[PDB]
Every structure is written in C-alpha cells, then in structure tokens.
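Notes to accompany the following structure.
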Amino acid sequence: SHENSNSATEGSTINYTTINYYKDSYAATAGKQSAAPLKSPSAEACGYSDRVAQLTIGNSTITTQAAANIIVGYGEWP
Amino acid sequence: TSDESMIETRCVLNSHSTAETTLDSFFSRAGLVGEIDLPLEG
C-alpha cells in the first residue's frame, strides 16, 4: 500500500517474498518464489483431442494421424 | 461427409423439398410407348 506495484513480476501467478526500502516494487530484492509445455506436448498431452479429431480448417482438410503424434506448440492453442 | 469434416460451414435452413424426385414424380409423366400405323395403301 506504501509502494508502487511496478516490478517486472506484477500480474504473475507467483507470490514473491521480497525486501524493499523504497517506493517502487522494482527496487526490491530478487527474493524467493514463496504435459510439460517445453517438451513439445501432443494433442493427447494437451487435452485438446476434441479440436484435432479431424483437422479441417477453413475449406481445407488434411488427412493425417491425429492426437498422439500431433504437437501443440508450447502447450498453448492459438 | 455432411460438409462438416471438410470445410467450415454456416447454418443453412434447407427448405428444399424432395417430393419431385420420387417415383410418383419422375415416372408419372406420359411418354410415347407405342405408335400404330393404319395406312390406306401401305
């Protein structure tokens, strides 16, 4: 309440316990932090088998093996 | 394949009657099946 919430980790899902003697949160210490997207997850691994059952996008259809050997980039659907 | 697995589709209200493709529509039309000649000298 006495400091600006203006560090580079504001809005993130992790609470950082820190030490700050200044008005700005970015002046504080690095502190503590109070399947896998990077492993090229598949559509089965991402839980997106409903959107990959038959890949028809627009007026175009590709016929390919689905789900298991189909990769969603960084575990994130567009 | 019902247009869904190939392209993205909108909703179309198909008020298109199939009554003209029935046998009672395709076949109930009189056609020439016989011609009989009754000439004078033939």
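Convention: chains lettered A, B, ... in structure tokens order; per-chain residue numbering from 1; ligands numbered from 1 as shown.
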Chain B residues within 9 Å of chain A, counting only C-alpha atoms: which ones, as a list in words?
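Written out as asked, the residues are residues 4, 5, 6, 7, 8 and 9 of chain B.
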Considering only helix (DSSP H, G or I) as DSSP defines it on the backbone, what residues of chain B qualify? List them as a count of residues only.
7
Take CA of residue 23 (chain A) and CA of residue 4 (chain A) and report the distance between them in Å, one decimal.
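One can read the CA of residue 23 (chain A) to CA of residue 4 (chain A) distance as 6.1 Å.
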Please identify all polymer residues within 7 Å of region 14-18 of chain A, counting only C-alpha atoms, omitting same-chain residues fewer than 3 positions from it, and present them as an NGL selection string.
:A and (28-34)
